[PDB]
Amino acid sequence: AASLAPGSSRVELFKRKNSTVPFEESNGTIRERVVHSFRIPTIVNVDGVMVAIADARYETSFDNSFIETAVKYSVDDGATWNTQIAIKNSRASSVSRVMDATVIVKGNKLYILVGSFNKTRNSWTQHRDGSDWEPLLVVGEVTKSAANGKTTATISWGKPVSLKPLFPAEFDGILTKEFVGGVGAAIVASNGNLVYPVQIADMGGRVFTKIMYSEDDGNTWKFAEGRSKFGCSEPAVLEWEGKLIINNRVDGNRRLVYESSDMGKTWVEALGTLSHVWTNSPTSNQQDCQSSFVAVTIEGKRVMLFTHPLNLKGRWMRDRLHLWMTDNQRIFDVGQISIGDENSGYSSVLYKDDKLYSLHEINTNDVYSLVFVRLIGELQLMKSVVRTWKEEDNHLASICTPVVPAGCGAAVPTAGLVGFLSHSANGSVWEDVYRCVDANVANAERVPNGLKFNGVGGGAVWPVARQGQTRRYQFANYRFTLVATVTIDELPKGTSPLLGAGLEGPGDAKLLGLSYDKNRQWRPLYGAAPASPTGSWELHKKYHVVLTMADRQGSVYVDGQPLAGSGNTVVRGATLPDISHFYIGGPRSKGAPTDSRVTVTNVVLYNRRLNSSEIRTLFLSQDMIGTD
Ligand SMILES: CC(=O)N[C@H]1[C@H]([C@H](O)[C@H](O)CO)OC(C(=O)O)=C[C@@H]1O
């Protein structure tokens, strides 16, 4: 869906220059005051109560203006709401502000962390020092009760506490200036820790992120030792399989994602999963945007939800907010949750009592509202995809493979299984059994579990960099295993392509691949080295092919055994390769008029290098995995 889905709907919950908030004058007096713009949305669930948190930018939408933290809460899933000012600014000047809320929910408590400023008119990373700033922590307590039938709630907000005295003056050399939460919903780890991802500006104005956590419900806080590269900001964190996953805003480049198994002490870039998948615009050289990043359980499966604008317009327009869902292997684009080509921006997502919602910005002429969205259609699609994933994984995991010489052998490998091209194919499309990334086809005829190629450019292109803006197979530049069953149907004139990974760039370069020749020999291709012939094959005979790439090394297996040359380095230097696509057969839209006469079935893709036992299992069970 290229627009908020059929069945879904929204209301303008925080309405620009319309909705009022109970502004408290210096004398305790209270007056309902109109607010120019509502920005920086977060929506969470506290003990069955929806709490929507936001910047109330009273006079203008500008960052350096008079702002307070507004809250709207509901006990009836959005039928009705009450409004509060949860956090007052210092009132030091006409630009005093409390802003950019980051929120953790634990039990009936809300922990809110905001940046507080008194009088500066320029941007926080460019301040001369931290004198105008304070990081404020505020705790809110939700209390329920019920009239005759009807439930009601109140939220009591405490006095802000400055965490500035807890901020180190330096980090491993780095002289600190200010810090603020990463924006949005953060978490309680499974060990009960309060975990805030934060963004830190150093004196020279560099930005980087770290984890600030509490083991005692907010009494004390610690800054973990690890950090992101410089240039990361507005970090969002979630917990996945015993690790923190930190998803960073990165202005002017692709988004960096890190993992930490030790509560932030050590960070490692998520090169084999999520790092660099998402970005700020088609060309990636634009201002980035905040993203929500939340772990949920759908149809019994744990998954991650990620939101971000395509920003086809560029700069801060932030049009076309999308929602993605991933289980750390497959990444599914649920679609566009904003409407048409409206400008959106910062966002929040929440799964509560089996219903999906979003609170996000809409922007016309830099006057901003927050819409509260019921993601009905989206959730239906999501549930269907999750069921597809569980069902195929369980099916493959349940196959009885041959016992090997030492009831069944080891399971058909499913951990790290990203995509699968098998039986379903139609027109110019070879369908991903996992419903995320299809392959594009030309000059093919359907056969059981795959395709037979015949004609110029006969073959399939499984896009990698060619996915474009969002690169869901970006992991392959770091490591992959590509598997397939093949037959060579006709002898080639000289050398013809069968399977591999192509590289972006001039020429027709390959990272790793396999070709075959007129002498009936294999020609494995290892990076840029001369592809010399080895071995022997026979026309028509089915062969199992596996390509593995990890640690910048490449191996090619036929029938479970490595071909000569395997284990060689395929890429040099430290710059990640830039794979354009995986080719199957001899696809082309130009260049040599390649016509590889081969039939390929059951092409499997993993985001790791499979071990030798796993490879043999696949070789032994190849007539068992097809979708039929
Ligand atoms: C404290 C502050 O300025 N926060 C603002 C943030 C920041 O300025 C930028 O990340 C440069 O560091 O930008 C944006 C934004 O719509 O992109 C909204 C935040 O309110």
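Read-outs throughout are calculated quantities, based only on the coordinates presented, and are distinct from any laboratory measurement. Cβ sites come from the backbone with ideal geometry, for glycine too, and all protein chains shown count toward neighbours.
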For this session: Would you work out if the stretch 200-241 is rounded, prolate or oblate? Take a ≥ b ≥ c from the square roots of the eigenvalues of the alpha-carbon gyration tensor; rounded if a/c is under 1.5, else prolate when a/b is larger than b/c, oblate otherwise.
Result: oblate
Problem set entry | the stretch 266-421: equivalent-ellipsoid semi-axes (sqrt of 5 x gyration tensor eigenvalues, Cα, Å) | 36, 18, 12
Seminar exercise, completed: With Rg from the Cα atoms and Rh as the Kirkwood inverse mean 1/r over Cα pairs, the stretch 149-308 has an Rg/Rh of 1.00
Problem set entry | the stretch 151-232: Cα Rg divided by the 2.2 N^0.38 Å rule of thumb | 1.25
Problem set entry | Principal axes of the stretch 27-175: Cα extent on each, largest first, Å | 59, 36, 27
For this session: Below 21 Å Cα-Cα, how many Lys pairs turn up in the stretch 411-612? Only count pairs eight or more apart in sequence, or on different chains, if you could.
Result: 14
Exercise. What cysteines in the chain have no other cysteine with a beta carbon less than 4.7 Å from their beta carbon?
Worked result: 232, 289, 436
For this session: Can you check what the Kirkwood hydrodynamic radius comes to for the stretch 411-612, Cα pairs only, in Å to one decimal?
Result: 16.6
Exercise. Can you give the alpha-carbon Rg of the chain over 2.2 N^0.38 Å, where N counts its residues?
Worked result: 1.07
For this session: Could you tell me which of rounded, prolate or oblate describes the stretch 430-530, using a ≥ b ≥ c as the square roots of the eigenvalues of the alpha-carbon gyration tensor, with rounded for a/c under 1.5 and, failing that, prolate when a/b is larger than b/c and oblate otherwise?
Result: oblate
Problem set entry | Alpha-carbon centroid distance for the pair the stretch 1-77 / the stretch 311-386, whole angstrom | 18
Exercise. For the stretch 308-367, what D do you get in µm² per second when you plug the Kirkwood radius from alpha-carbon pairs into Stokes-Einstein at 25 °C and 0.890 mPa s?
Worked result: 198
